[PDB]
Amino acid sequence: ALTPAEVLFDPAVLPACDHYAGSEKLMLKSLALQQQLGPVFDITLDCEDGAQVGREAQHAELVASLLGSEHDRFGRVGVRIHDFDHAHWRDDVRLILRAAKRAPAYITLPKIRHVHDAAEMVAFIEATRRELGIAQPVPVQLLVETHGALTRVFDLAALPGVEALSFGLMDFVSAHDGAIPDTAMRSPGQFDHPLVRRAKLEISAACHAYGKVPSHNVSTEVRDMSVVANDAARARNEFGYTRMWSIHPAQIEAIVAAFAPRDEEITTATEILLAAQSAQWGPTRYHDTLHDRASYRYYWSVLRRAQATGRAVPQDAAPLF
């Protein structure tokens, strides 16, 4: 018989939590925690908004000293540098790429205003790593947190060296100069305020269109993890994000859990697909619902991801592989 892989029409993957640390104490504790939990979350060593101002050179060296060190056990430690209109952004790239025992897992670019700004920064990173004789290119992630970036967000998603786009909620709200209430930086405003909801969906649609990872902003709530876990669920199940920032180690497990695979999907996919197979991939009826190749795709996507990620697939599903 025919397999779904050969009859059905036609994805980006990074760890689901991006944990930010902007000071040495937090970096070291995060790194230690990553060793305990394993690489279920990335760590971003932050030079920008997560850090105080004034020690820019010293800070980039601190960051560089941790990359590929004894604390970086999995190679899942990236960085965020300064913005294009900042004096130290090239110095961040040079200091960090020169001194890091291993290159950062990715470089996060904040406050992109124009498409050319991002491309130029991506290009400088490539050039620098090329001359330092670094083996592979360094992935870049872009913040979409200005008017300019949101307007051209599809152009950003399309950029070659860019693996993900992240929403900058606070900067985006602040960018409206008070026209959007600060309640939009908290939940549920950050999901329900029409302009913020609109921006999040643009970023998400753009990422999916170009096979990039849509990364959700942090929850600034540092007490109620119940809120944080709910944010992560809405980002995932309503907004189509596949990753989310963390700003406190207690957020990490709530976020990772929210993005865990739903194993409940696997038996359903198996049943539907086996039946589809028997109907020669023509339309079928399942539980008062019509299915055809357009929905089969979904369930094959579900089975494919499950088997790939070494999740339990029913023996019945064998003739689909």
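Sequential numbering from 1, following the sequence displayed.
Where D10 meets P11 in the shown sequence, the number of deposited residues left unmodelled: Gap size class: 4 to 9 residues without coordinates, per the record.
Stretch exceeding the other in mean C-alpha B-factor - 307-315, 13-21: Per the PDB entry, the higher value belongs to 307-315.
Mean C-alpha B-factor comparison - 265-273 and 63-71, higher one: Taking the mean B-factor of the alpha carbons in each, 63-71 is higher.
Among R76, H147, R186, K101 - the residue whose C-alpha B-factor is largest in the record: By C-alpha B-factor in the record, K101 ranks first.
Which of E202, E238, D91, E163 ranks first by CA B-factor in the deposited coordinates: The C-alpha B-factor peaks, among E202, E238, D91, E163, at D91.
Ranked C-alpha temperature factor of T44 among modelled chain residues, by third: For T44, whose C-alpha B-factor we compare with every modelled residue in the chain, the answer is the middle third.
Within-chain third of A57 by Cα B-factor, per the entry: CA B-factor rank for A57: highest third.
Entry-reported Cα temperature factor of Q280, expressed as the chain third it lands in: Top third by C-alpha B-factor.
Third of the chain, ranked by Cα B-factor, where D224 sits: For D224, the deposited C-alpha B-factor lands in the middle third.
Chain third (lowest, middle, highest) by recorded CA B-factor, residue given as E131: Highest third of the chain for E131's C-alpha B-factor.
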